[PDB]
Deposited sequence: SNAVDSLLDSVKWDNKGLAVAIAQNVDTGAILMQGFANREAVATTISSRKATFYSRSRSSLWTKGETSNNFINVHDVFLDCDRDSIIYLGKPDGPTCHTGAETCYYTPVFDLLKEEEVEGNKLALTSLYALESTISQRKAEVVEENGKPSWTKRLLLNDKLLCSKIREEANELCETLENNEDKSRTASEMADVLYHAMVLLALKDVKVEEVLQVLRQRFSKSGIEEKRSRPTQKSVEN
């Protein structure tokens, strides 16, 4: 036949002809959105390289961004082990959620359950991006704030911690010391990034582009 049809024949579609499709940020890992896909949606994602879904309510194919202009440009596609779940790994043109939120996932359940009569949405973030968010909040006196207001102290720390990290290899120190000094390097380097208005995602795009 052809290769795409042969692969699509191997997907474990449900009894409506659908699989779960998850869009994920190729540079950061943030989950952008989750929908469903039929044969045509997956084939169209592959051929067009734009994340394409099937709407159960509209009984219709749709492409993220067809109205909003915020397309997800797809770098790769992965099936899970039993072939009923698909990741579209790609780079968003702009906020993925129709609400304007950066991703569709900003409703924290654990926060809802704490004893406090007040609600607040917040994007789901993994550890590296949570640190970036905390530093950005401090920028807008904690020790992070102290480092944001004393350039010379910060740069002295960045050079000092880089040297300490090197010394874990030069003096054959335990790998736990290496991980701890790398954490120190990363933290102070990210305070500098905040001062320069650079996002971690932008740094990771640079690394991707160099190894392209």
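> Mind pulling out the bits of the deposited sequence that never got modelled, as residue ranges from 1?
The deposited sequence has unmodelled segments at 141 to 148, 221 to 238.
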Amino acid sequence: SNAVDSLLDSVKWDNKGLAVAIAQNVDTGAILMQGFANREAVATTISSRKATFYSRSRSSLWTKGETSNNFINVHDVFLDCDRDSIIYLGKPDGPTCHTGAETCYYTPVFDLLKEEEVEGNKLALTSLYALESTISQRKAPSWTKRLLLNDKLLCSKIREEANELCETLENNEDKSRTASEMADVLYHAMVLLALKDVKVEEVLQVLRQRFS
From here on, numbers count along this sequence of modelled residues.
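> Between 184 to 192 and 21 to 29, which has the larger average Cα B-factor in the PDB entry?
Here the higher of the two C-alpha B-factor means belongs to 184 to 192.
> Comparing 94 to 102 with 111 to 119, which has the greater mean CA B-factor as deposited?
Stretch with the greater average CA B-factor: 111 to 119.
> Among 137, 73, 126, 85, which residue carries the highest C-alpha B-factor recorded in the PDB entry?
Answer for 137, 73, 126, 85: 137, with the highest C-alpha B-factor.
> Which one of 63, 44, 69, 168 shows the biggest C-alpha B-factor in the PDB entry?
Among 63, 44, 69, 168, the highest C-alpha B-factor in the entry belongs to 168.
> Should residue 144 be placed in the lowest, middle or highest third of its chain by the C-alpha B factor in the entry?
As the PDB entry reports it, the C-alpha B-factor of residue 144 lands in the highest third of its chain.
> What third of its chain's C-alpha B-factors does residue 48 belong to: lowest, middle or highest?
As the PDB entry reports it, the C-alpha B-factor of residue 48 lands in the middle third of its chain.
> What third of its chain, lowest, middle or highest, does the C-alpha temperature factor of residue 34 fall into?
According to the entry, residue 34 has a C-alpha B-factor in the chain's lowest third.
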